[PDB]
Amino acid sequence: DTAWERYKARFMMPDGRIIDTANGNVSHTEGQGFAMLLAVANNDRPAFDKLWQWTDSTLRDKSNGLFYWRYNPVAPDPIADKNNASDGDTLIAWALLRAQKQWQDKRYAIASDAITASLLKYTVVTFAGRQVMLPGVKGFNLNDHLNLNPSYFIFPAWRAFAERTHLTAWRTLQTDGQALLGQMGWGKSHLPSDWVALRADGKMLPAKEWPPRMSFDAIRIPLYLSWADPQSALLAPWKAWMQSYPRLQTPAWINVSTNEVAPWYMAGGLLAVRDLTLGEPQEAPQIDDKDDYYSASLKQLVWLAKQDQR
């Protein structure tokens, strides 16, 4: 549609990179995976193959089958950080699975299978009596704590994986991730922060190392919850918090430890997630010049989440 064409015109380079034009024009596996999902949804196989070809040739980590998470084209070494971002790897593998169905080509599913096997082998660990997906292979396993990002619990992707391969392991991860998320939540909003520290006895708190806000990571949680199951009881704190504000005066973040809220309000893609969470009817998205990469992406992912309720 028009939104997707405008998205490619503003953010997709001819080499297949998606450009975070608000963050120094960098590319990352979240951006590639988001765009690959949207390319399938718009039945745009040329764009999908360009996005995937650049991702695979440029970012593949050959030691474990995952992907270097960030590409900075102005840096002396554009792939300085050699760690992965597990939500990006997941989105890429999920887009490939959906590409097989859309275009009836098993090669996309064979590619997906390698990545999902890599995700289970290298990013999923046993901790506090549950299976948990780390945000990356390195840097998040502190000894008696894990630093987790619940916005990387991409429930609709995990369900798709389970239908294809390693059903029991992916189903257990989904069960454990819903259970952990159900135990999260702080302050008067009872919402999770972007980053959550899980201690080995099960105790959770907002992680020490980041601002303890529900903000640009955590807001994807109700998106993924509603994408997988709009009737989920895990949506309850999200609906309650958003219902306590006027639609056009909903704070863009909240500090869940102090209850301080942003002095500015959700618009664009953030507002689209709010509308999705509350079930408020919204029409197909339009990508305005006031949307950055992040807002433009969320607008279309919200629309896709609605479409997948068929």
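Note that residue numbering follows the sequence shown and begins at 1.
> What stretch has the higher average Cα B-factor here, 254-262 or 52-60?
Mean C-alpha B-factor is greater for 52-60.
> Taking only the CA atoms, which stretch has the higher mean B-factor in the record, 295-303 or 14-22?
Comparing averages over the C-alpha atoms only gives 14-22.
> From 29, 244, 277, 42, can you pick the one with the highest C-alpha B factor in the entry?
In the PDB entry, the greatest C-alpha B-factor among 29, 244, 277, 42 is found at 244.
> Out of 221, 80, 205, 110, which shows the largest CA B-factor listed in the entry?
Highest C-alpha B-factor among the listed options: 80.
> According to the PDB entry, is the CA B factor of residue 136 in the bottom, middle or top third of its chain, that is, lowest, middle or highest?
CA B-factor rank for residue 136: middle third.
> Consider only the C-alpha atoms of the modelled residues in this chain, order them by B-factor as the entry records it, and name the third containing residue 118: lowest, middle or highest.
CA B-factor rank for residue 118: lowest third.
> Considering every modelled residue of the chain and its Cα B-factor in the PDB entry, is residue 72 in the lowest, middle or highest third?
Within its chain, residue 72 is a highest-third residue by C-alpha B-factor, going by the deposited values.
> Taking the chain's C-alpha temperature factors as the reference, tell me which third residue 145 falls into: lowest, middle or highest.
CA B-factor rank for residue 145: middle third.
> Among the modelled residues of this chain, does the Cα B factor of residue 215 put it in the lowest, middle or highest third?
Lowest third.
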